[PDB]
$ cat protein.cif   # mmCIF, C-alpha atoms and all ligand atoms
data_target
#
loop_
_atom_site.group_PDB
_atom_site.id
_atom_site.type_symbol
_atom_site.label_atom_id
_atom_site.label_comp_id
_atom_site.auth_asym_id
_atom_site.auth_seq_id
_atom_site.Cartn_x
_atom_site.Cartn_y
_atom_site.Cartn_z
ATOM 1 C CA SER A 13 87.471 32.123 294.541
ATOM 2 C CA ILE A 14 85.892 34.150 291.739
ATOM 3 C CA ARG A 15 87.069 32.619 288.450
ATOM 4 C CA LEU A 16 88.032 35.920 286.865
ATOM 5 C CA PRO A 17 89.729 35.813 283.448
ATOM 6 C CA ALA A 18 93.510 35.974 283.448
ATOM 7 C CA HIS A 19 93.099 39.167 281.412
ATOM 8 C CA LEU A 20 91.224 40.696 284.375
ATOM 9 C CA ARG A 21 93.356 39.009 287.049
ATOM 10 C CA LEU A 22 94.864 42.355 288.069
ATOM 11 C CA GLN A 23 93.346 44.223 291.000
ATOM 12 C CA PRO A 24 90.409 46.503 290.099
ATOM 13 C CA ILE A 25 92.369 49.650 290.981
ATOM 14 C CA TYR A 26 94.881 48.673 288.286
ATOM 15 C CA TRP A 27 92.178 48.120 285.651
ATOM 16 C CA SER A 28 92.511 50.199 282.491
ATOM 17 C CA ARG A 29 89.757 51.395 280.158
ATOM 18 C CA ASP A 30 89.817 48.226 278.051
ATOM 19 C CA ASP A 31 89.914 46.123 281.230
ATOM 20 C CA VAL A 32 86.703 47.522 282.731
ATOM 21 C CA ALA A 33 84.932 46.755 279.453
ATOM 22 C CA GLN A 34 86.259 43.189 279.522
ATOM 23 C CA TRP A 35 84.890 42.829 283.060
ATOM 24 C CA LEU A 36 81.441 44.026 281.959
ATOM 25 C CA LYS A 37 81.292 41.467 279.141
ATOM 26 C CA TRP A 38 82.661 38.710 281.389
ATOM 27 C CA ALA A 39 80.045 39.619 284.009
ATOM 28 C CA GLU A 40 77.038 39.797 281.676
ATOM 29 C CA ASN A 41 77.916 36.385 280.202
ATOM 30 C CA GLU A 42 79.113 34.581 283.340
ATOM 31 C CA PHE A 43 76.126 35.636 285.485
ATOM 32 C CA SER A 44 73.465 36.063 282.773
ATOM 33 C CA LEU A 45 73.047 39.776 283.436
ATOM 34 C CA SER A 46 71.075 42.112 281.199
ATOM 35 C CA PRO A 47 73.143 43.343 278.227
ATOM 36 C CA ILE A 48 75.357 46.212 279.391
ATOM 37 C CA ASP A 49 76.527 48.781 276.845
ATOM 38 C CA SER A 50 80.260 49.476 276.776
ATOM 39 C CA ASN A 51 79.466 53.166 276.240
ATOM 40 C CA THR A 52 78.222 53.076 279.833
ATOM 41 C CA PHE A 53 80.937 52.686 282.471
ATOM 42 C CA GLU A 54 83.445 53.924 279.859
ATOM 43 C CA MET A 55 86.227 54.647 282.347
ATOM 44 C CA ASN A 56 89.216 53.092 284.097
ATOM 45 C CA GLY A 57 89.333 51.123 287.334
ATOM 46 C CA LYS A 58 89.905 54.143 289.570
ATOM 47 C CA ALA A 59 86.704 55.718 288.238
ATOM 48 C CA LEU A 60 84.675 52.502 288.412
ATOM 49 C CA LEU A 61 85.728 52.125 292.057
ATOM 50 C CA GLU A 62 84.397 55.645 292.741
ATOM 51 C CA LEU A 63 80.875 54.793 291.520
ATOM 52 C CA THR A 64 78.175 54.329 294.140
ATOM 53 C CA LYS A 65 75.511 51.665 293.704
ATOM 54 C CA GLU A 66 73.236 54.541 292.683
ATOM 55 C CA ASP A 67 75.773 55.570 290.035
ATOM 56 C CA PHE A 68 76.047 51.975 288.804
ATOM 57 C CA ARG A 69 72.250 51.768 288.629
ATOM 58 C CA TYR A 70 72.283 55.050 286.690
ATOM 59 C CA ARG A 71 74.450 53.593 283.916
ATOM 60 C CA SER A 72 72.584 50.253 283.823
ATOM 61 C CA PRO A 73 69.169 50.213 285.549
ATOM 62 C CA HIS A 74 68.750 46.460 284.908
ATOM 63 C CA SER A 75 72.264 45.283 285.854
ATOM 64 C CA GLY A 76 73.850 48.087 287.890
ATOM 65 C CA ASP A 77 72.998 46.560 291.261
ATOM 66 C CA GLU A 78 74.449 43.191 290.249
ATOM 67 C CA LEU A 79 77.572 44.780 288.750
ATOM 68 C CA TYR A 80 78.132 46.819 291.917
ATOM 69 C CA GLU A 81 77.745 43.716 294.087
ATOM 70 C CA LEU A 82 80.176 41.806 291.868
ATOM 71 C CA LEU A 83 82.746 44.585 292.242
ATOM 72 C CA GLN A 84 82.299 44.390 296.016
ATOM 73 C CA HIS A 85 82.827 40.614 296.046
ATOM 74 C CA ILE A 86 85.972 41.002 293.941
ATOM 75 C CA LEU A 87 87.305 43.762 296.195
ATOM 76 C CA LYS A 88 86.621 41.733 299.346
ATOM 77 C CA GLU A 89 88.480 38.747 297.885
ATOM 78 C CA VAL A 90 91.473 40.933 296.999
ATOM 79 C CA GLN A 91 91.692 42.356 300.518
ATOM 80 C CA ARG A 92 91.382 38.851 301.983
ATOM 81 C CA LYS A 93 94.282 37.585 299.865
ATOM 82 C CA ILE A 94 96.477 40.560 300.775
ATOM 83 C CA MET A 95 95.758 39.866 304.445
ATOM 84 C CA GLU A 96 96.681 36.200 303.944
ATOM 85 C CA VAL A 97 100.050 37.192 302.465
ATOM 86 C CA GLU A 98 100.618 39.518 305.427
ATOM 87 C CA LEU A 99 99.832 36.841 308.031
ATOM 88 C CA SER A 100 102.481 34.470 306.653
ATOM 89 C CA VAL A 101 105.203 37.050 305.869
ATOM 90 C CA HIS A 102 105.525 39.502 308.749
ATOM 91 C CA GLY A 103 106.611 42.997 307.764
ATOM 92 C CA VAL A 104 105.381 42.958 304.169
ATOM 93 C CA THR A 105 103.591 46.231 303.532
ATOM 94 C CA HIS A 106 100.114 46.345 302.030
ATOM 95 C CA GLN A 107 101.740 47.501 298.783
ATOM 96 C CA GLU A 108 104.395 44.765 298.796
ATOM 97 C CA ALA A 109 101.710 42.129 299.357
ATOM 98 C CA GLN A 110 99.575 43.323 296.437
ATOM 99 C CA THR A 111 102.695 43.532 294.262
ATOM 100 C CA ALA A 112 103.615 39.955 295.191
ATOM 101 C CA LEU A 113 100.061 38.872 294.349
ATOM 102 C CA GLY A 114 100.276 40.627 290.994
ATOM 103 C CA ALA A 115 103.463 38.650 290.290
ATOM 104 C CA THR A 116 101.706 35.278 290.783
ATOM 105 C CA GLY A 117 98.408 36.063 289.045
ATOM 106 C CA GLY A 118 96.560 36.413 292.338
ATOM 107 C CA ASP A 119 97.704 33.081 293.792
ATOM 108 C CA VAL A 120 98.211 33.618 297.525
ATOM 109 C CA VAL A 121 100.186 30.423 298.161
ATOM 110 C CA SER A 122 102.625 31.203 295.353
ATOM 111 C CA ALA A 123 102.981 34.828 296.459
ATOM 112 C CA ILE A 124 103.850 33.789 300.018
ATOM 113 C CA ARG A 125 106.434 31.302 298.748
ATOM 114 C CA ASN A 126 107.973 33.863 296.381
ATOM 115 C CA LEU A 127 108.319 36.386 299.207
ATOM 116 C CA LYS A 128 109.872 33.809 301.533
ATOM 117 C CA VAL A 129 112.281 32.620 298.830
ATOM 118 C CA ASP A 130 113.276 36.228 298.111
ATOM 119 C CA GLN A 131 114.159 36.702 301.789
ATOM 120 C CA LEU A 132 116.262 33.524 301.921
ATOM 121 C CA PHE A 133 117.868 34.084 298.508
ATOM 122 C CA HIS A 134 120.003 36.881 299.955
ATOM 123 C CA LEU A 135 121.327 34.574 302.676
ATOM 124 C CA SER A 136 121.881 31.626 300.333
ATOM 125 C CA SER A 137 123.786 33.666 297.736
ATOM 126 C CA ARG A 138 123.007 30.685 295.488
ATOM 127 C CA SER A 139 120.331 29.803 292.934
ATOM 128 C CA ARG A 140 116.629 30.522 293.269
ATOM 129 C CA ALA A 141 115.996 26.790 292.884
ATOM 130 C CA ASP A 142 118.411 26.261 295.777
ATOM 131 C CA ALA A 143 116.522 28.731 297.969
ATOM 132 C CA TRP A 144 113.204 27.236 296.852
ATOM 133 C CA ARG A 145 114.384 23.670 297.499
ATOM 134 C CA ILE A 146 115.630 24.503 301.005
ATOM 135 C CA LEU A 147 112.444 26.323 302.012
ATOM 136 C CA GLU A 148 110.173 23.566 300.701
ATOM 137 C CA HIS A 149 112.214 20.948 302.563
ATOM 138 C CA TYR A 150 111.685 22.887 305.812
ATOM 139 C CA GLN A 151 107.944 23.232 305.084
ATOM 140 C CA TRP A 152 108.416 26.966 304.433
ATOM 141 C CA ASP A 153 109.818 27.641 307.912
ATOM 142 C CA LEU A 154 112.115 30.527 306.993
ATOM 143 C CA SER A 155 113.949 30.332 310.325
ATOM 144 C CA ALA A 156 114.811 26.652 309.890
ATOM 145 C CA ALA A 157 115.850 27.246 306.280
ATOM 146 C CA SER A 158 117.986 30.204 307.383
ATOM 147 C CA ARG A 159 119.783 28.123 310.017
ATOM 148 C CA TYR A 160 120.577 25.457 307.428
ATOM 149 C CA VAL A 161 121.976 28.124 305.096
ATOM 150 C CA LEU A 162 123.920 29.860 307.873
ATOM 151 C CA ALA A 163 125.794 26.632 308.681
ATOM 152 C CA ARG A 164 126.952 26.632 305.017
ATOM 153 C CA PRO A 165 127.541 30.376 304.365
HETATM 154 K K K B 201 82.267 51.405 292.722
HETATM 155 K K K B 202 118.316 20.117 301.639
HETATM 156 K K K B 203 127.356 25.615 299.972
#
$ encode --input "protein.cif" --output "structure tokens"
Amino acid sequence: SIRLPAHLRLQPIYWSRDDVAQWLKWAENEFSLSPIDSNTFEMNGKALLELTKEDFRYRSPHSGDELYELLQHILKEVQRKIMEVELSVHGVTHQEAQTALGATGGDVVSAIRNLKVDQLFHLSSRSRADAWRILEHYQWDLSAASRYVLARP
């Protein structure tokens, strides 16, 4: 897992102007890239994600290729995590999965557990800690947890 800064934990599409610049500085220092000028790539995430490798190489001819590849690795990891959330919580939309990941700082395990607890919380009509405790006892089997709750409506 790419050790992105918590400041840049958000998905690239959600990056702001200041965020993209933070990613450039984090990238040039973490991977010893050639110094990249903030004046270049002065844009938000949506624009950065619309730059081809040629475009990248236009802004920075000595680091554009590496920066483009790093953006691809980040994007592939995001899509993998979203898929992981979807495999464990059937019915979650692509948007609900990325929202749940945003709410746990990109931690897939935590996002899955939050989504499962949110489903059970409505049945339990009790505390979040109560829903969380029940689910964890049943090893996050929502159907087993639900049956336990349903016997004690
Ligand atoms: K791009
Ligand atoms: K219990
Ligand atoms: K009860």
$ residues_near_ligand --input "protein.cif" --ligand "ligand K 201 (chain B)" --cutoff "6 Å" --atoms "all atoms listed in the file" --output "list in words"
residues 60, 61, 62, 63 and 64 of chain A
$ closest_residue --input "protein.cif" --among "A:48, A:129, A:16, A:101" --to "residue A:82" --atoms "all atoms listed in the file"
A:16
$ residues_near_ligand --input "protein.cif" --ligand "ligand K 202 (chain B)" --cutoff "7 Å" --atoms "all atoms listed in the file" --output "JSON, numbers by chain"
{"A": [145, 146, 149]}
$ residues_near_ligand --input "protein.cif" --ligand "ligand K 203 (chain B)" --cutoff "10 Å" --atoms "all atoms listed in the file" --output "list in words"
residues 136, 137, 138, 142, 161, 162, 163, 164 and 165 of chain A
$ resolve_selection --input "protein.cif" --expression "the PyMOL selection byres (((chain A and resi 128) around 10) and not hetatm)" --output "list in words"
residues 100, 101, 122, 123, 124, 125, 126, 127, 129, 130, 131, 132, 133, 143, 144, 147, 152, 153 and 154 of chain A
$ residues_near_point --input "protein.cif" --point "(76.9, 53.1, 281.0)" --cutoff "9 Å" --atoms "all atoms listed in the file" --output "PyMOL selection string"
chain A and resi 48-54+68+70-72
$ atom_distance --input "protein.cif" --atom1 "atom CA of residue A:15" --atom2 "atom CA of residue A:39"
10.9 Å
$ residues_around --input "protein.cif" --residues "residue A:114" --least-positions-apart "3" --cutoff "10 Å" --atoms "only C-alpha atoms" --output "list in words"
residues 21, 22, 23, 108, 109, 110, 111, 117, 118, 119, 120 and 123 of chain A
$ residues_near_point --input "protein.cif" --point "(94.4, 51.2, 288.6)" --cutoff "8 Å" --atoms "only C-alpha atoms" --output "PyMOL selection string"
chain A and resi 23-28+56-58
$ axis_aligned_box --input "protein.cif" --around "stretch 18-37 of chain A" --padding-each-side "8 Å" --output "lines of an AutoDock Vina configuration file"
center_x = 88.1
center_y = 43.7
center_z = 284.5
size_x = 29.6
size_y = 31.4
size_z = 28.9
$ closest_residue --input "protein.cif" --among "A:135, A:113, A:30, A:47" --to "residue A:159" --atoms "all atoms listed in the file"
A:135
$ atom_distance --input "protein.cif" --atom1 "atom CA of residue A:45" --atom2 "atom CA of residue A:33"
14.3 Å
$ atom_distance --input "protein.cif" --atom1 "atom CA of residue A:67" --atom2 "atom CA of residue A:80"
9.3 Å
$ closest_residue --input "protein.cif" --among "A:79, A:36, A:31, A:150" --to "residue A:66" --atoms "all atoms listed in the file"
A:79
$ closest_residue --input "protein.cif" --among "A:99, A:112, A:18, A:87" --to "residue A:34" --atoms "all atoms listed in the file"
A:18
$ decode --input "protein.cif" --residues "stretch 23-42 of chain A" --atoms "N, CA, C and O atoms" --output "PDB file, in the first residue's frame"
ATOM      1  N   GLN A  23      -9.102  10.471  -2.425  1.00  0.00           N
ATOM      2  CA  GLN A  23      -8.937   9.967  -3.779  1.00  0.00           C
ATOM      3  C   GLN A  23      -8.478  11.090  -4.708  1.00  0.00           C
ATOM      4  O   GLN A  23      -8.826  12.254  -4.503  1.00  0.00           O
ATOM      5  N   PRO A  24      -7.696  10.763  -5.743  1.00  0.00           N
ATOM      6  CA  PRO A  24      -7.168  11.836  -6.610  1.00  0.00           C
ATOM      7  C   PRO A  24      -8.247  12.720  -7.211  1.00  0.00           C
ATOM      8  O   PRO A  24      -8.036  13.930  -7.365  1.00  0.00           O
ATOM      9  N   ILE A  25      -9.403  12.152  -7.559  1.00  0.00           N
ATOM     10  CA  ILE A  25     -10.468  12.955  -8.153  1.00  0.00           C
ATOM     11  C   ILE A  25     -10.911  14.050  -7.196  1.00  0.00           C
ATOM     12  O   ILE A  25     -11.337  15.130  -7.626  1.00  0.00           O
ATOM     13  N   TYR A  26     -10.822  13.799  -5.893  1.00  0.00           N
ATOM     14  CA  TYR A  26     -11.220  14.771  -4.888  1.00  0.00           C
ATOM     15  C   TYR A  26     -10.117  15.765  -4.550  1.00  0.00           C
ATOM     16  O   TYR A  26     -10.361  16.700  -3.780  1.00  0.00           O
ATOM     17  N   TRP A  27      -8.915  15.590  -5.099  1.00  0.00           N
ATOM     18  CA  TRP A  27      -7.826  16.513  -4.815  1.00  0.00           C
ATOM     19  C   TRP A  27      -8.213  17.933  -5.210  1.00  0.00           C
ATOM     20  O   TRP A  27      -8.905  18.154  -6.209  1.00  0.00           O
ATOM     21  N   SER A  28      -7.761  18.897  -4.415  1.00  0.00           N
ATOM     22  CA  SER A  28      -7.926  20.307  -4.707  1.00  0.00           C
ATOM     23  C   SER A  28      -6.640  20.842  -5.336  1.00  0.00           C
ATOM     24  O   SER A  28      -5.715  20.086  -5.650  1.00  0.00           O
ATOM     25  N   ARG A  29      -6.573  22.161  -5.519  1.00  0.00           N
ATOM     26  CA  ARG A  29      -5.351  22.770  -6.035  1.00  0.00           C
ATOM     27  C   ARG A  29      -4.190  22.550  -5.074  1.00  0.00           C
ATOM     28  O   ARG A  29      -3.129  22.045  -5.464  1.00  0.00           O
ATOM     29  N   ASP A  30      -4.375  22.917  -3.803  1.00  0.00           N
ATOM     30  CA  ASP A  30      -3.309  22.755  -2.823  1.00  0.00           C
ATOM     31  C   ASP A  30      -2.919  21.293  -2.650  1.00  0.00           C
ATOM     32  O   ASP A  30      -1.766  20.993  -2.323  1.00  0.00           O
ATOM     33  N   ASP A  31      -3.860  20.371  -2.867  1.00  0.00           N
ATOM     34  CA  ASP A  31      -3.563  18.953  -2.687  1.00  0.00           C
ATOM     35  C   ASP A  31      -2.602  18.450  -3.757  1.00  0.00           C
ATOM     36  O   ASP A  31      -1.616  17.770  -3.449  1.00  0.00           O
ATOM     37  N   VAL A  32      -2.881  18.764  -5.025  1.00  0.00           N
ATOM     38  CA  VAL A  32      -2.004  18.327  -6.107  1.00  0.00           C
ATOM     39  C   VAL A  32      -0.576  18.784  -5.849  1.00  0.00           C
ATOM     40  O   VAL A  32       0.383  18.032  -6.065  1.00  0.00           O
ATOM     41  N   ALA A  33      -0.410  20.024  -5.381  1.00  0.00           N
ATOM     42  CA  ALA A  33       0.924  20.530  -5.085  1.00  0.00           C
ATOM     43  C   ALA A  33       1.576  19.737  -3.961  1.00  0.00           C
ATOM     44  O   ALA A  33       2.780  19.459  -4.003  1.00  0.00           O
ATOM     45  N   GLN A  34       0.797  19.371  -2.940  1.00  0.00           N
ATOM     46  CA  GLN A  34       1.340  18.554  -1.860  1.00  0.00           C
ATOM     47  C   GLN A  34       1.785  17.193  -2.378  1.00  0.00           C
ATOM     48  O   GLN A  34       2.792  16.643  -1.917  1.00  0.00           O
ATOM     49  N   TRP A  35       1.046  16.635  -3.341  1.00  0.00           N
ATOM     50  CA  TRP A  35       1.431  15.351  -3.922  1.00  0.00           C
ATOM     51  C   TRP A  35       2.737  15.467  -4.699  1.00  0.00           C
ATOM     52  O   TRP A  35       3.582  14.566  -4.639  1.00  0.00           O
ATOM     53  N   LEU A  36       2.925  16.570  -5.429  1.00  0.00           N
ATOM     54  CA  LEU A  36       4.164  16.758  -6.179  1.00  0.00           C
ATOM     55  C   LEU A  36       5.368  16.812  -5.243  1.00  0.00           C
ATOM     56  O   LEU A  36       6.401  16.184  -5.502  1.00  0.00           O
ATOM     57  N   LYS A  37       5.254  17.570  -4.149  1.00  0.00           N
ATOM     58  CA  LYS A  37       6.359  17.662  -3.200  1.00  0.00           C
ATOM     59  C   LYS A  37       6.587  16.335  -2.487  1.00  0.00           C
ATOM     60  O   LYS A  37       7.735  15.918  -2.296  1.00  0.00           O
ATOM     61  N   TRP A  38       5.508  15.655  -2.092  1.00  0.00           N
ATOM     62  CA  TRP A  38       5.645  14.332  -1.488  1.00  0.00           C
ATOM     63  C   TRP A  38       6.297  13.350  -2.457  1.00  0.00           C
ATOM     64  O   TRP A  38       7.058  12.468  -2.046  1.00  0.00           O
ATOM     65  N   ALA A  39       5.994  13.477  -3.754  1.00  0.00           N
ATOM     66  CA  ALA A  39       6.539  12.536  -4.730  1.00  0.00           C
ATOM     67  C   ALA A  39       8.011  12.814  -5.005  1.00  0.00           C
ATOM     68  O   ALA A  39       8.818  11.882  -5.097  1.00  0.00           O
ATOM     69  N   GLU A  40       8.382  14.089  -5.155  1.00  0.00           N
ATOM     70  CA  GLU A  40       9.766  14.418  -5.476  1.00  0.00           C
ATOM     71  C   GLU A  40      10.705  14.116  -4.318  1.00  0.00           C
ATOM     72  O   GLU A  40      11.899  13.891  -4.547  1.00  0.00           O
ATOM     73  N   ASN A  41      10.196  14.094  -3.087  1.00  0.00           N
ATOM     74  CA  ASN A  41      11.016  13.785  -1.923  1.00  0.00           C
ATOM     75  C   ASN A  41      10.991  12.303  -1.575  1.00  0.00           C
ATOM     76  O   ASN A  41      12.013  11.747  -1.163  1.00  0.00           O
ATOM     77  N   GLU A  42       9.841  11.646  -1.739  1.00  0.00           N
ATOM     78  CA  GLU A  42       9.728  10.239  -1.376  1.00  0.00           C
ATOM     79  C   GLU A  42      10.411   9.326  -2.385  1.00  0.00           C
ATOM     80  O   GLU A  42      10.896   8.253  -2.010  1.00  0.00           O
TER      81      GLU A  42
END
